[PDB]
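Undergrad: Protein chains in written order, with the authors' numbering: chain A, 4 to 190, 193 to 388, 391 to 452; chain A', 4 to 190, 193 to 388, 391 to 452; chain A'', 4 to 190, 193 to 388, 391 to 452. A prime marks a further copy of an entry chain.
Ideal Cβ positions, reconstructed from N, Cα and C, are used throughout, including at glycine.
Pasting in a structure now, in structure tokens, and then I'll have a few things to ask.
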Amino acid sequence: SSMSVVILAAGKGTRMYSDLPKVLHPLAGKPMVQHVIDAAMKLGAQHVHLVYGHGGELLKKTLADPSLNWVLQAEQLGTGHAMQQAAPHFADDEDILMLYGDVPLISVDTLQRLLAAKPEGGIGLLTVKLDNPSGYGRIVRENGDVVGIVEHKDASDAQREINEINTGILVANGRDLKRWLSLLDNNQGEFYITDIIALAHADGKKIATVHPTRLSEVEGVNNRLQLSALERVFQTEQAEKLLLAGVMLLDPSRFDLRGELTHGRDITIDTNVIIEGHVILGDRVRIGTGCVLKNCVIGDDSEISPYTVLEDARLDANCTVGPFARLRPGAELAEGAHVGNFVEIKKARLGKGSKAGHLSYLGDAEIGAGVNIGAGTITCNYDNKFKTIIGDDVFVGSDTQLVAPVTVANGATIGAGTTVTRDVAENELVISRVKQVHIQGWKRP
Amino acid sequence: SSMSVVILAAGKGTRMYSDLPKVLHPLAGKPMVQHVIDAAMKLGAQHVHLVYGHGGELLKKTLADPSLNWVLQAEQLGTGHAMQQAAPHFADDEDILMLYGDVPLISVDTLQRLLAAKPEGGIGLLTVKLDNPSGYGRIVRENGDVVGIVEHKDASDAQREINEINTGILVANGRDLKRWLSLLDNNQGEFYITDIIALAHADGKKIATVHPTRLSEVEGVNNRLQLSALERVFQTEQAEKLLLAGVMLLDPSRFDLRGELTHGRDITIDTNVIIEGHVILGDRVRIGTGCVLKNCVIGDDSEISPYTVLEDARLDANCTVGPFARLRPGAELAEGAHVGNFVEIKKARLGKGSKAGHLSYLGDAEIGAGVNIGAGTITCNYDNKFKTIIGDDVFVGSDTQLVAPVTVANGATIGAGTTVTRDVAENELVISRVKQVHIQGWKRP
Amino acid sequence: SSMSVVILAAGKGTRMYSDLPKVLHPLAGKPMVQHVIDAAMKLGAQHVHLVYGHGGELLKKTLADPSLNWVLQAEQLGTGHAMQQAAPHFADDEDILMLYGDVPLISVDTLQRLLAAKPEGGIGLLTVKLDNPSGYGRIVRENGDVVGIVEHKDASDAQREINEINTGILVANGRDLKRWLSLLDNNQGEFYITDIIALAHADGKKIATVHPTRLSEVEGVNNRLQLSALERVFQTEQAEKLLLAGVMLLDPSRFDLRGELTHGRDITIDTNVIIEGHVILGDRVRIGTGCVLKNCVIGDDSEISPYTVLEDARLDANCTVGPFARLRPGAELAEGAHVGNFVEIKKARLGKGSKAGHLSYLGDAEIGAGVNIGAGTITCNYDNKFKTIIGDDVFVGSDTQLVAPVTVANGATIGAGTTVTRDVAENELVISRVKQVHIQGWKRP
């Protein structure tokens, strides 16, 4: 069929104490409002209408999304008024679902039930019964029949016992909806969206209701404490989905996914790992404690040792990296390569079974197979930046500075503490050798 | 009005298995007993009387606090006996409140209710009703009127149903208190402080009661498991206060504050951050996972990357530091400065927009603006310690050792692998240049 | 008396999505099934019979344990059938207890109650009453008398109210057990082990029942989410045992023990520490945040600073190591030694009060007392591997490469940036000194 959504996101997030529009605040590293858009997209939402008051410019900025239909608003004067501003935008043949930019966790199932329990020429309304309903809108039924919503405000002591409350999420045909809207008053001073419930039982239509499966689906964010609770809920969910799909998390409450994780079989992730962007892990990969991976491919059987950071990096199968290793964009390890502690790799490839074990920096480097990069080796590659190249079976002594552009051919050997400015030939040894000078019985300060 | 406090802290913390007096054990990095003192100070407590048995010397030692009035005690023989030892110390015109050194979480509100519900010539008594009261002192009321306390010990099956129990915290006028005290017996062998309740209804005075708002306010520490529970409670509280005041914590259950955090607006703190001493963070600062900050000022818009440790360090605005960076006391970054991975800074300043990106140690250094500190640069500054100075626009090649005292003037350039013992002049290049020596077809061992 | 156990571990752990047999999956770093074996050993279990279907070879492989009696099985066709396969293996004079390889948390107390509540010529049966019993085997009693087990399957609406359920764990004499077994049918198609309950009330014997003290004792693992819950339970338990025995954990929910921890008095362990293998900590040791210790001895009063990794390493008293330090097998610190940030130690000893503060790698080294290892010092010890030796009171300048085999005698001093290939004599100074070369007004690229 046909269906569009409207996302309300116009209020003042005063209690966020922020210079950033509330709805742009991230949940698992992405704007609250994008979770809602994402969901709308998953419904088949043909169009998405976003209603905003202040924060306009950097809202549409921080949200590229050229596919969206933006809707300005005088200055927050009515949640119903807001719904009026987008009213002329609803095609009469399409359903119109209403969501809030600060309720990021609303599941598709719960909406794709709402859209099924909508009575022809009527409203599908999402509701939840509360433990303590001590301040929300009551759902007022007569014979279990929805007739209208009561604000906690004007609620008799008898009504205040009504557990079931309004999530503020609901459906209706675009035609019928255009109707019910601009037939409402302002006599708080504002216009309540609540009213279109009674103003629907008015002209004899039936308003049905489904419930969300989790309370968190309809949790609204007014402040950061609330947002952090939703972050935890969201992370527990992701973690449990990975556990059930075969990934071992040594402590799923100390795990964070902010993006996507594609994975193979029998992966172990230890405590306090964070996964950002899109990470692909092969079979039998092990990630130690404290590692941060962002936009990485890690090949079958690789081991990432504790406290290793990787971003836009690639490891083939059987590699080992860490502890205390830092791989930056362009870092590439060929099959069975090893990078050790206090080693940084930038736009560099370390070939098959090559080793860089300690205290080294490698950038803008093409290194071959079976190469030994001694402790303390530095590509001195900054003066743009220049390329260092090393063939197979090369031995690079400790504390060597490779001054690029420089090429060291296969089988070459480089003595410790050597500066290399000129190219090195196959199987040639090079030793930057001076003469250590001796004073006898020297009195140390 | 006038008011003093007494802190009881004399028992044997046997179940702590410690050589340190129980009350000195830290909660959020400060002695249990200091939390209690702190609170007393916040009441306006004119004097604080501290009653102790063993542990005396290093108690008054580990607690400088020359403002305190110490009170010795034979050898724990009566909680009431203890209260006798400080009795001659209470002015008749002042209220005397009683607290315990091992109940660190007692809030001011709860005490500044206790002090309001005190009946003239009578006791204000703190109480709590328990889920399971299966071992404490019962509050025995007649017509809801407090008449005396029953030890779980001698408690009829009927009494054992009394949910409400004694926290052991209470008030009373100093005069009246001196009275009720030394009129009690020793016929456990000890003197119970419990009794002064009935010995107050005795001479026809009214004993009122307020409750603490949280159970944790009256939780006593007898062991470390108990202390750890209170640590978590205390940390959750702090975390929620920062969230509500506008700081984003990516996981408030993996956050620890052991001191004070002054903050501006829109700060993000990722998982597993610890804050010690006094930390000042400006607007829009980001602290990555695993960072430890102790006594630091971080300027607006700075980014601290994961696994970075800072102590007594200062960053101006727009600085970036980490990952894997170590800043020690005296470390200072000017506006937009960058410190990278595996870099340590001690008593050194890195000027405007200067960079130290990798594998470097800088101590006792004054470095100017626009300076590039190549990978592997070391201030060789130990032989006391001597000063290294570098002007603006200097380029320092990788793996340079700067042997202090040495001065490198503006615009100078230093080739890679250079040892610098002598001063360098404006725009002068210096290259510690030897000659790499070549053996052909060398057989590597 | 006499007693043997049987561990059932033959099903398909399909929902583990693993190439590793379910029961081999680790809990606190050791195979689920080893926890069960361990427990059996603690009972005095004279023999342990392990029944398995597929996964056979690498089961008996990954479990050396030459003490075990393995029992093959056609192909999972009956949990009772399985129990038949080991039936001919039970001595008539011994008790036979039945356990499952995927229920790792079953305590000895609960089994050493089961073995006491066994009625002569009868069954001791472990049971638990459930909050929601909505899919398990009901315990069917008549006058509170166990008569037989009902599968949730064939269970009247009336029976489905029976809270109490079958853990599947039970006892019986080996003789009697051999009996009750091979008198059962296959008319699911399989043989139910359930039946021997009614087939015991059949020949007029009494089947008693004890309960486990914790629900987690009888939790079965079918998937990784379940296993992770048990991991957390197991870790909370260990943590609380260490807290009660006197170790301070700054956050027991961010602590992991995968092995054994021997400890002395007044130890503090900060957040996110992992303990693997066997770790011995002396009195008054402090372990900072993020440290990983595996098979280490740490002497009285040592301080391990944050983010330090140690494996098969030894520290005497008063040592300090970290932050950001990496100690590998063979790493040894003598009394009061210090290792700083970005320092790696392999098969090396750093003598009394010696210091290696920054950016160094030391392997295969014997270093004496009072030695100063400057920043950036590297043992260039790889060409097998060769030994570097340094006596007392030696000063090693920064960025020195020690090319082993080399010996530096007592009181010697080594200038910064020195390569050392030859031995150094007592109190001799050595400076690898070249000449820095100067270009005036050099235009930096």
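#1: Within 7 Å of any Cβ in chain A', is that where the Cβ of residue 192/A'' sits?
#2: Please go through the region 99-129 of chain A and give each complete beta strand (DSSP E) segment of 3 or more residues, from N-terminal end onward.
#3: Among the candidates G16/A, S7/A and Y103/A, whose CA atom is the shortest distance from the CA of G177/A?
#4: Assign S221/A' to buried or exposed, taking buried as 16 or more other Cβ atoms, counted over all protein chains shown, within 10 Å of its Cβ.
#5: In angstroms, rounded to a whole number, what distance separates the CA positions of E265/A and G282/A?
#6: Compare the C-beta of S21/A with all C-beta atoms of chain A' and state if any pair is closer than 7 Å.
#7: Give, in chain order, every residue of the region 310-321 of chain A whose Cβ lies closer than 7 Å to some Cβ of chain A'.
#8: Quick check on DSSP: helix, strand or coil for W73/A?
#9: Hey, is the region 239-255 of chain A'' in contact with the region 265-281 of chain A'', meaning 3+ C-beta pairs nearer than 8 Å?
#10: Can you pull the chain A neighbours of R229/A'', defined as C-beta to C-beta under 8 Å?
#11: Tell me the rounded alpha-carbon separation between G379/A' and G362/A.
#12: Using the rule of at least 16 other Cβ atoms within 10 Å of the residue's Cβ for burial, across every protein chain shown, is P412/A'' buried or exposed?
#13: Would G32/A'' and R263/A'' be called neighbours here (beta carbons separated by less than 7 Å)?
#14: Applying the criterion that 16 or more other CB atoms from any shown protein chain within 10 Å of the CB defines a buried residue, is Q408/A'' buried or exposed?
#15: Should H343/A'' be labelled buried (16 or more other beta-carbon atoms within 10 Å of its own) or exposed?
#16: Got a sec: is the Cβ-Cβ distance from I292/A to anything in chain A' below 7 Å?
#17: Can you give the Cα-Cα distance for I274/A'' and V297/A, rounded to whole angstroms?
#18: Pull up the DSSP beta-bridge partners for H445/A', would you.
#19: For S5/A', which residues of its own chain have a beta-carbon under 8 Å away from its beta-carbon, when the five flanking residues on both sides are left out?
#20: Does the distance from the C-beta atom of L23/A'' to that of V54/A'' stay below 7 Å?
#21: Of the residues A416/A'', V174/A'', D68/A'' and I285/A'', which one's Cα is nearest the Cα of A322/A''?
#22: Need the endpoints of the beta strand (DSSP E) that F239/A sits in, please.
#23: Mark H445/A'' as exposed unless 16 or more other C-beta atoms lie within 10 angstroms of its C-beta, in which case mark it buried.
#24: Please tell me whether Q443/A'' has its Cβ less than 7 Å away from any Cβ of chain A'.
#25: In chain order, what residues of the same chain have a beta carbon less than 6 Å from the beta carbon of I279/A, not counting five sequence neighbours either side?
#26: For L27/A', which residues in the same chain have their Cβ closer than 6 Å to its Cβ, ignoring the five residues on either side in sequence?
#27: Taking C-alpha atoms, which residue in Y139/A'', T130/A'' and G327/A'' lies nearest to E164/A''?
#28: Whose C-alpha, out of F329/A'', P311/A'', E371/A'' and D305/A'', is nearest the C-alpha of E337/A''?
#29: Could you tell me which chain A'' residues have their CB closer than 9 Å to the CB of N277/A', listed as they occur along the chain?
#30: Helix, strand or coil, according to DSSP, for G341/A' in the structure here?
#31: Spatial neighbours of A318/A' within its chain, please: C-beta separation below 6 Å, excluding the five flanking residues on both sides.
#32: In the DSSP assignment, what residue or residues form a beta bridge with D68/A''?
#33: Can you confirm whether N346/A'', when its beta carbon is compared against all beta carbons of chain A', has any partner nearer than 7 Å?
#34: Is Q408/A helix, strand or coil by DSSP?
#35: Under 8 Å Cβ-Cβ, which residues of chain A neighbour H283/A'?
#36: Considering Cα atoms alone, identify which of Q447/A'', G16/A'' and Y312/A'' is closest to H57/A''.
TA: Looking at the coordinates:
#1: Looking at chain A'', the numbering goes 190 and then 193, which leaves residue 192/A'' without any coordinates in this model.
#2: none
#3: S7/A
#4: buried
#5: 6 Å
#6: yes
#7: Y312 and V314
#8: strand
#9: yes
#10: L248, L249, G251, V252, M253 and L254
#11: 20 Å
#12: exposed
#13: yes
#14: buried
#15: buried
#16: no
#17: 24 Å
#18: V437/A
#19: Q49, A94, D96, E97 and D98
#20: no
#21: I285/A''
#22: Unbroken run through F239/A is the alpha helix (DSSP H), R229 to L249; no beta strand (DSSP E).
#23: exposed
#24: yes
#25: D261 and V297
#26: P34 and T65
#27: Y139/A''
#28: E371/A''
#29: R259, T276, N277, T294 and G295
#30: coil
#31: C301, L332 and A336
#32: Answer is none; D68/A'' lacks a bridge partner.
#33: yes
#34: strand
#35: Within 8 Å Cβ-Cβ: nothing; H283/A' doesn't reach chain A, min ~21 Å.
#36: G16/A''
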